[PDB]
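Next comes just one chain, in structure tokens: the form deposited in one PDB entry.
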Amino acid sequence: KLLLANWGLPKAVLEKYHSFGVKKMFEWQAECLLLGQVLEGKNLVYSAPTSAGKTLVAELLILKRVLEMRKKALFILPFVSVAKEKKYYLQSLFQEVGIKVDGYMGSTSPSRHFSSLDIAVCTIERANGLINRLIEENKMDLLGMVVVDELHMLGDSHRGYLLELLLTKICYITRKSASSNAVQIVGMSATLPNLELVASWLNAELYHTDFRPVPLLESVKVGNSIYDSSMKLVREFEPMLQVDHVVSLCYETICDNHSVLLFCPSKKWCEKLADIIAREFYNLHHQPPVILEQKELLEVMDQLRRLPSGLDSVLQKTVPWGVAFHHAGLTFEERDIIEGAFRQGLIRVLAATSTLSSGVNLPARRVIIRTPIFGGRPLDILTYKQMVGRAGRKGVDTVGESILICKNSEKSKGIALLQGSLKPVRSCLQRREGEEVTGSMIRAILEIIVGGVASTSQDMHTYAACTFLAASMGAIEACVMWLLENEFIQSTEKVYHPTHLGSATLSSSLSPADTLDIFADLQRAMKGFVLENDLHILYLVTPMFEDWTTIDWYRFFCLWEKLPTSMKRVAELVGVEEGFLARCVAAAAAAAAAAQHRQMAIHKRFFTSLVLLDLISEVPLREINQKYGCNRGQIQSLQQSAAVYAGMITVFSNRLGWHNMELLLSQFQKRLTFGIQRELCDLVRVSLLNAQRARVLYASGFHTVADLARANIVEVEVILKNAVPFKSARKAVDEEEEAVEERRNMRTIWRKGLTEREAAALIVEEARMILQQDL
């Protein structure tokens, strides 16, 4: 019955699942598994709370289908970290029978090909490209199941409409243009008010349940009253020690065994509340017991001290007690340790802005939401229900809590957020029909014409009848026109064929809207190209961010004047000019009408490209944030996104027909991949030896600094003298004084100390002193 053994599973699979400690299944799982003909063929849509085991049925169905019919499967997931964890889980579970679970998430590309794989775990945007390729090459029939998580994002999002672009396409191509269920689709949502309409569109069943192992109480508190539930008093809060009374609330939670989670509305605000709690804990417990261990807490200090960026000041006066912060201004490795400590004991109190609301699974006891207004706007209903989902620890306590501290002035705002479920899911396509067509519809029809699925306008009119007309119920004729004067398709006397620009957009998969910006940058490049410095090629591969940081305009104008002579020639060629910056940095704003749109996009990518230049040329990170307004967590994200963008413009140029430019872009992929050196780490222990001098000195020495570095002085000086490019140091018959000086200040030893010969004696003398201390 409910026992896992009485369900027909492989022996190794059941043993592995019992190793985790799961034996029974809830009645709702069985009810939804035996709901109609979901088990054999057909599609399924259901919505269950996240606290209850939700992936049981999905894994059972995918295992059944894979073991019965040999066909590939997809496991589209929202984020990367959850995708990696799910990939590890699936591999460790199917590590015996043999599936070769492999993930496409992030830059972790598969070592093998898609054909050898059986189950692929991908993100939202890395499955659309896979399906597009499976359409371009006639191998679509390999697909046998598509599993989608978090279905309600298909309505409206920055990247959630890809589900609505993908599902209709696969269903139409597999069934409507071909004629049991050839492709099975299952989905998960969160208590949608119109879940029936989604199931009918996909021709599926419908199961809705509401069962949680822990019955949490959303005990909203206002002032001293704990008026909650249906506006009824349950308890009265007394003023404990104070200097809102937030500190008193965490005290009773801290006492017995429990923990607190504070959701700040700002990063800094997390820091402010973290130090405040730390003061009270030490105030009257070191001069009731605080109940914390000290053997492992001091060990954690060691890990936080060995990071290259070093420990943080606010992370030293609060970590000794169970207080810290987990905002986004931390290194991915540094922020991982804070999460690890909360996983089992040690730290007790925590703070966060939004990171632990979606992306990680860290349950705890009663959760404080603090103010009910975030960023000057009312809190979203979906966000509030997401935070309170993590207000219960499974298998330890019996009940959960969720106390929202709302000021007496507002009052009704908490009640409105307390009373409400969700909103109906829109289409994003609907918006306008006779007005300007949305960017989602333009990408919809262009992405099948390039694949050749639909050629005649009559055929494509059928396609639009399977995505939105049956969903919740001219535009096509106006959408075809937009693709015409923009040179995306070509028309004969009525058959449409892809052009070279249309094929380039699909292969690289940027967008049918931002491709018009990258194309204008590459076309302007083939009229003059600076080849001495590496800034003009760093401007064509810089990632395009809508808003990644508050671009300071006073500092940008300051760095504009101090640029060298050679690097100022790239600026005039790419488009950035001083006149625009004169109007800006003077309490200005954006504008419209085409021409002003190009000006803002040109200047925004230059500031990002300037930052990326310094990371290639060292410029230690402590001084990076001093000159450029940035953050430690933002710098790391830029490095990851720069490598992916460099290798994607290369595909754009290859399909476009331009072959000479492609070689230049492909050659630069090596330098942008920073990585971490391991063998060179021993050689990098020298003061005046950067990463660029390791390779040249490794050819001869390839040893430590004690005896290898103490081998003559002429050989060492000459070896590093010939590594630099030529860079002649005499004025030509057409150059200027500034041009030659920039060619003379580059050969100086760096940073930028003495002359060439003087550094040879300094390096040898410094090495001898270091050798004596070591020995």
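Numbering starts at 1 and runs along the sequence shown.
In the comparison with other entries of the same protein, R431 is left without coordinates in at least one third of those covering both sides of it. Residue-level annotation: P288 lacks coordinates in a third or more of the other entries compared, counting only those that model residues on either side of it. According to the entry, the deposited sequence runs straight from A589 to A590 with no unmodelled residues in between. Counting the unmodelled positions of the deposited sequence between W28 and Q29 gives zero.
The form solved in complex with a small molecule is left out here; the points below concern that form.
In terms of contact with the small molecule in the deposited complex, the residue from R747, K54, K64, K42 that brings a heavy atom within 4.5 Å is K54. Screening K11, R757, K24, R751 for any heavy atom within 4.5 Å of the small molecule in the deposited complex leaves a single hit, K24. Only one of 77-85, 539-547, 448-456, 220-228 places residue heavy atoms within 4.5 angstroms of the small molecule in the deposited complex, namely 77-85.
The small molecule in the deposited complex is approached by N361, whose closest heavy atom lies within 4.5 angstroms of it. Proximity of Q29 to the small molecule in the deposited complex falls within the 4.5 Å heavy atom cutoff. Looking at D102, you'd find every heavy atom of it more than 4.5 angstroms from the small molecule in the deposited complex. Contact annotation for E164: none of its heavy atoms lies within 4.5 Å of the small molecule in the deposited complex.
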